[PDB]
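Understanding the architecture of this molecule
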Amino acid sequence: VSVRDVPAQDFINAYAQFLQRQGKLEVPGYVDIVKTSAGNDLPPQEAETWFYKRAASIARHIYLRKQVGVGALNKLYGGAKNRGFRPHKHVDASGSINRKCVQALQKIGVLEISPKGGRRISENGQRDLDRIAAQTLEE
Amino acid sequence: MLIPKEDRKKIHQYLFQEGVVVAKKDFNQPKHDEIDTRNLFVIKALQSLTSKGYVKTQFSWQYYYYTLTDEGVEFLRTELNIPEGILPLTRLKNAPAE
Amino acid sequence: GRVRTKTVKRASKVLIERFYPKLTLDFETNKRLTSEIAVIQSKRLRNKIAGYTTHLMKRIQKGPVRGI
Amino acid sequence: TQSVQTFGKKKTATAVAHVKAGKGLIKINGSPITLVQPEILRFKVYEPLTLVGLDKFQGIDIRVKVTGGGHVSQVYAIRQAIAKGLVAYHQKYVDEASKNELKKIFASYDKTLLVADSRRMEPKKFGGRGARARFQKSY
Amino acid sequence: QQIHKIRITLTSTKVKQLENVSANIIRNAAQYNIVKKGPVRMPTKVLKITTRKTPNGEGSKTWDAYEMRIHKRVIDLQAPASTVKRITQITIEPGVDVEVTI
Amino acid sequence: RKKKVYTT
Amino acid sequence: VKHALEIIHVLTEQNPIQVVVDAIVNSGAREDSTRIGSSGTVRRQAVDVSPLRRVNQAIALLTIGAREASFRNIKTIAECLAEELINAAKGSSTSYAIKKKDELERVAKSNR
Amino acid sequence: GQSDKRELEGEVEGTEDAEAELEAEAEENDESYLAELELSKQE
Amino acid sequence: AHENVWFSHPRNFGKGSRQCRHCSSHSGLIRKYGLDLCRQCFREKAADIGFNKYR
Amino acid sequence: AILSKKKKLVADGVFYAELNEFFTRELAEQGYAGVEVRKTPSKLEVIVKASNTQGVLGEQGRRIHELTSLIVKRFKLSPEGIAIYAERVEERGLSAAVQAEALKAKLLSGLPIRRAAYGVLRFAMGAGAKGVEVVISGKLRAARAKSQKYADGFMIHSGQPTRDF
RNA sequence: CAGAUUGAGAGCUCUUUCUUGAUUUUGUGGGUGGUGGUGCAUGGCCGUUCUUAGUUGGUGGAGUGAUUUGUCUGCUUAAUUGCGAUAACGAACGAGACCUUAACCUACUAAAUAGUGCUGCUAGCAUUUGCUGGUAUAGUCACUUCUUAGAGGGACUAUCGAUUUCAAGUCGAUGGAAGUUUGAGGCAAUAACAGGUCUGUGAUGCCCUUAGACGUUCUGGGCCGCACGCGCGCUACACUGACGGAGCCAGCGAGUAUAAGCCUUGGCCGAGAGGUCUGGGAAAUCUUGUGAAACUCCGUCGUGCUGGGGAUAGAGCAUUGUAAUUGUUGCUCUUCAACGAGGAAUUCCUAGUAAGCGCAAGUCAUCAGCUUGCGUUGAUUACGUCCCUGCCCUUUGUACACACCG
Ligand SMILES: [Mg+2]
Ligand SMILES: [Mg+2]
Ligand SMILES: [Mg+2]
Ligand SMILES: [Mg+2]
Ligand SMILES: [Mg+2]
Ligand SMILES: [Mg+2]
Ligand SMILES: [Mg+2]
Ligand SMILES: [Mg+2]
Ligand SMILES: [Mg+2]
Ligand SMILES: [Mg+2]
Ligand SMILES: [Mg+2]
Ligand SMILES: [Mg+2]
Ligand SMILES: [Mg+2]
Ligand SMILES: [Mg+2]
Ligand SMILES: [Zn+2]
């Protein structure tokens, strides 16, 4: 079983639960205050768990690719901003939230700074994510 | 135009010896890149020469093309007090190629 | 519409009056034949002439045609 | 071994299908077809399967890589690559009598399984915001 | 400075002279027993400029659409540097410019 | 109409 | 559509697409009064309705009624469409697109 | 050239000009002390 | 004195910072591919430069 | 200096456009037809087509020597890197540029338009042109301006061939 | 220089005596420069009649003639385009042909700036030899299918049914990548308009001005100014929706050096906007798979001027630029207005079309609610007519021909 053999949407809900129950991920102190993007108008509705779920998405997204940077992560989770009377536009997400997640994730494992830029997945990152996939599909 | 005698001289030993002169149309340019003087001086000094039938002036794409008349070689022969061995450079009879 | 023009209508009937024995009822054979019979400047015009010549040939076997 | 490689196309989406001899592996960009994200269109790629019967895929494994186009446009490119790959494998490594049988059922159901749609976007012309639409006129 | 894998990059606006020089060099790289790679057709670049037809500002809004296609081809040769340069002078054409990189 | 009129 | 069929299934237990076919044949007006006015004057004339226009006007009327019933209404569009199709399938005059169908064929009777 | 004449001469003078000029031009066509030394040798 | 005032205002990064190659105009300049030509001068030189109308 | 491919091929074209107008203004009286820029190693061959290659190469080639100097001094080119050749146009009647410049030298001499207009209609056809049409528009002594077309032979108007023939 | 003066560290001017040296000061002529006037003096260009389908000569017939027929009753077509009728016969321009682009080619030609399978080397999961990856500019591999582009091929309404003057054609199927001129454009006739531009031109004739300039330059303001009428548009009036998370797919393009600073990844700071340090790319190599938005899934909201809508305004934080005040623009909090689907009227549109939805390029130091293109999702309804409206043709009337603006 691999990460690619399980649906993405319910895999993240399972990896989010583990990272919260594991408790080793260091959560910055502003997670209850900040909004994810400048294009957003309200903070996330899942105040206690949104950071864990986003870190699960970042870890899973990096698994399928090669040397994705933190600037690319802002573009990925960014959306259309609601300019009032001007037309909509795509705006990048917050840099600190994405940079903190990968930095928080780097001393808890799964990733490391990759050569030629970006952040690769760690030697142990494949080992424990593939584990989560197995504990996802038994039901 | 008020040109110092010394700066006007260099304008004459450039229009003689290479009897053609090119000057970009910018009056405030510090240096015409081939006569160490103001660019405006070159235009107005040669505007007098074409005004007195010593150089042809042609203008195309914001550029001045000054060429020396046969009557102008004799004028710089005497006023410059140069030897009557002239042949600036475009008159050295290099002869064309067929 | 698919109305052929005069540059293809008159050029096709000149072919029939001149090379009827070598012509046929097949477009593919006619298309190759007209490349050695006529000097056609463009491929599209070559196909157009042979396609109307074939129609006239197909019509000649059913009776007399006008213009040939 | 017995390997054939084909491709299907929609507007811009192109899905390259590799059909090899094997146990019947059918993946979308390295992911099982049972997890396509256009959920409402999951039966579009199920159509080339259930029409002939899953027994035809015992001996062949299919791995496609679909890029370009959009979310919906990629599904039609994928289902075409699968359908064309199965036919191309039979023509080369099976008798042509079976290949003509398979080609008959697919065409009798939907032409787009084997024949690529030739529609492309019309260019925009000045004097309007679209191909045929024009700026509103005033008198 | 003996044998050398040398790349020649060809760019021009017109394809006939580009393909003649490209084919002539490939031909000359055939009778000379020189292994060759090419020609490689790079994706053509369409330099498009869309201006207004009217020199003034009156009339229907009509636009010109000028174009300048640039085609680029690279050919890889395995020969000493003296040999490759003289091939270039053999296939010199006014329209096509040549740059040689080791 | 117009006509540059001076003050100084 | 996927959700509407399930609602049509839990109600009346019939085949949802059988109800759809019944609702379309019962919603298309069979005679509409076209206008034949000669440049300004009213001159209404009763004419017949083609099967194609009869079928495809039923779909136009069925979806228009569902759209307006779900506007500013807690009932969702899938279950507003479900309410519209079931009522029109059984020919009830309560449904939209059955009022319209009767009114079209009623005016045509007042033109012959 | 708005007159009924000047088209008499516009044509006859124009055509004899070209016939005389194409033929005349088409038969002739075949056929078959420095400075630096003065401003440096300041000995 | 006067030389420090005459033509003293900066004339960079502006529309007056550049001009047409041909007519030295400031409006309707084309900067793509470093043309630096007015849109009117471009039309009368487009064939010479190598720009043609195809589509 | 280091210039990209898109901006380099465009620069070569722009250089040609400015050079062509320079000859039209300077050598208008000598029937300038066109210019061909033949790039070559170390040398820059420039072939100019004019009705009269004596006015360009006059008084021991004084003008051509004094004219090539105006290009070395204006484009910062090496003195040996450019060579200019003057070539006679073979068929003067088939060059509309020569015919238009020649007409101007006649109209400016006070010759009547009708005699001048028919002088190019027959010279073009005499050279073997399939067709020719001359339009002259403007004002002549009269306050109102007018245009007159003088056609001859066969002329095509629409499609690609007008760009070819 | 210094002081006065000045908005000014303008010797502009005034006190002040220094400096330069026949370049130059005054008058005459003559110039020159004008985004000054005249598009009702002009060139060139463009728009329009009109992209509708129209225009023209040779011979022959008619007429004293100017002229006419040819250039037409009918059918057909997008078409003066064809069949046909025929004092006409035989032709040219325009249309069509032509050119560019998009869709097909497992058939050629190759590709380490494209991709793939194997193979070296390598990771995770079940251990069956399997499934996902990373790496690979020496594996000194194999291949051209996807990608690119050059030489070609392919569609000509092909075959078969109907109707028709059995003609031009039209409508259906089958095959087909493509059967609406295959889709879309580029070019585009004979003349012409007092159409628009001398505010694109060192394109111009003439008139005006030319030293207290209407030339040019510096400083500041204005082109944004606000009781009002109108046009091209953007957000919206909600639940087929707003938010909050999660999923996550394009194409057209552009990009620099001793500059006067280009596209900018990656790392590190910042809630953001943004800052900083390095590196790649003059480019199928790097930005870039531009991981775009609509969209899809799971949640909160629950018909409420409500979490729709986001004007107006207060306070604060950054970027560009000499300079942001009359907020250039971006970000944060708060303030949260009309609008609850719009009268008489009126616009655009027939298939990857309309409608949404974003993205790039132009303008650009900064600013896109604008244009030019591109792609994503993707329909309803005709495939007909002259009823309205505009244009074309024929007949007809005319005291018009500067042609009804007569
Ligand atoms: Mg970024
Ligand atoms: Mg998102
Ligand atoms: Mg005449
Ligand atoms: Mg055409
Ligand atoms: Mg006018
Ligand atoms: Mg006659
Ligand atoms: Mg008749
Ligand atoms: Mg049309
Ligand atoms: Mg059409
Ligand atoms: Mg000012
Ligand atoms: Mg408009
Ligand atoms: Mg959402
Ligand atoms: Mg900057
Ligand atoms: Mg009518
Ligand atoms: Zn210009």
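Sequence order as written determines residue numbers, which begin from 1 on each chain and need not coincide with the entry numbering; residues that lack coordinates are not included. Here the convention is simple: chains get letters from A, ligands get numbers from 1, in the order in which they are written. What you see is one piece of a larger assembly, and the values refer to that piece, not the whole. Heavy atoms from the whole structure form the basis of all side-chain values; hydrogens and water molecules are not counted.

Definition in use: UniProt positions are given in the numbering used here, feature names are shortened, and annotations may be inferred rather than shown by experiment.
Looking at the PDB entry, one finds chain E named Ribosomal protein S10 and attributed to Candida albicans. Under Sequence similarities (unreviewed entry), UniProt gives the following word-for-word description of chain E: "Belongs to the universal ribosomal protein uS10 family."

As recorded by the PDB entry, chain C carries the name 40S ribosomal protein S17-B and is attributed to Candida albicans.

**Section: the sheet that holds strand β1 (residues 20–24) of chain B**
Residue and element names in this part refer to chain B. Keep this limit in mind: Two strands are counted as paired when DSSP detects at least two bridges linking them. Under the scheme used here, helices are H or I runs from DSSP no shorter than 4 residues and strands are E runs no shorter than 2 residues, and both carry numbers assigned from the N terminus. Orientation is described by axes fitted as lines to C-alpha atoms, over the contacting stretch for helices, and by angles from 0 to 180 degrees between their N-to-C directions.
One open sheet accounts for 3 strands, arranged β1-β3-β2; its pairing is antiparallel. Taken across any chain shown, the strands that pair with only one partner, and hence form the sheet edges, are β1 and β2 (55–59). Across the sheet, the mean angle separating the axes of adjacent strands is 20° when strand polarity is ignored.

**Points about the protein's contact with RNA strand K**
Our working rule: Here a residue is near a molecule or strand as soon as one of its heavy atoms is found within 4 Å of it. Residues adjacent in sequence count toward polar contacts only when both atoms are side-chain atoms; beyond that, a polar contact is any pair of N or O atoms within 3.5 Å, and within protein one must be able to donate a hydrogen and the other to accept it.
Taken together, 235 residues are adjacent to RNA strand K, and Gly84 and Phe85 of chain A, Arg8 of chain B, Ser70 of chain G together with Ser158 of chain J come closest. For RNA strand K, the backbone makes up 76% of the atoms found within 4 Å of the protein, where backbone means sugar plus phosphate. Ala72 of chain A is positioned with one of its backbone polar atoms (N or O) 3.1 Å from a phosphate oxygen of RNA strand K. Here a phosphate oxygen of RNA strand K and a side-chain polar atom of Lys7 of chain J are 2.3 Å apart.

**With respect to the sheet that holds strand β3 (residues 26–28) of chain D**
Residue and element names in this part refer to chain D. Spelled out, the test is: The contact definition used throughout considers only heavy atoms, calling two residues in contact when any of these lie within 4.5 Å.
Strand order in this open sheet of 5 strands is β1-β2-β5-β3-β4, and the pairing throughout is mixed. Edge positions in the sheet fall to β1 (3–9) and β4 (31–32), since each has one partner strand and no second. Both β3 and β4 contribute to a ladder of 2 bridges, which runs antiparallel. Within β4, the residue paired with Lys27 across the bridge is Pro32. Contacting β1, β2 (14–21), β3 and β5 (60–67), helix α2 (residues 71–93) runs over the sheet at an angle of about 145° to β1.

**Concerning the pattern of salt bridges**
Cut-off, in case you're wondering: Should a side-chain nitrogen of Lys or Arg be within 4 Å of a carboxyl oxygen of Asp or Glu, the pair is scored as a salt bridge. For every residue, the accessible area (1.4 Å probe, protein chains only) is compared with the maximum for its type, and the residue is labelled buried under 20%, exposed over 50%, or partly exposed between those bounds.
Scanning all chains against the criterion turns up 36 salt bridges over all chains. The salt bridge involving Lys125 of chain D is made with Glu122 of chain D; its shortest N-O contact spans 3.1 Å. Classification of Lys125 of chain D by relative accessible area gives partly exposed; the value is 33%. The salt bridge involving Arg73 of chain E is made with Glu19 of chain E; its shortest N-O contact spans 2.3 Å. Taken together, the residues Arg73 of chain E in strand β4 (residues 63–80) and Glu19 of chain E in helix α1 (residues 15–31) connect sequence positions 54 residues apart. Taking the relative accessible area as the measure of exposure, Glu19 of chain E reaches 25% and is therefore partly exposed. Here the salt bridges do not stand alone but share partners, grouping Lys44, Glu47, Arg79 and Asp110 of chain D into one network.

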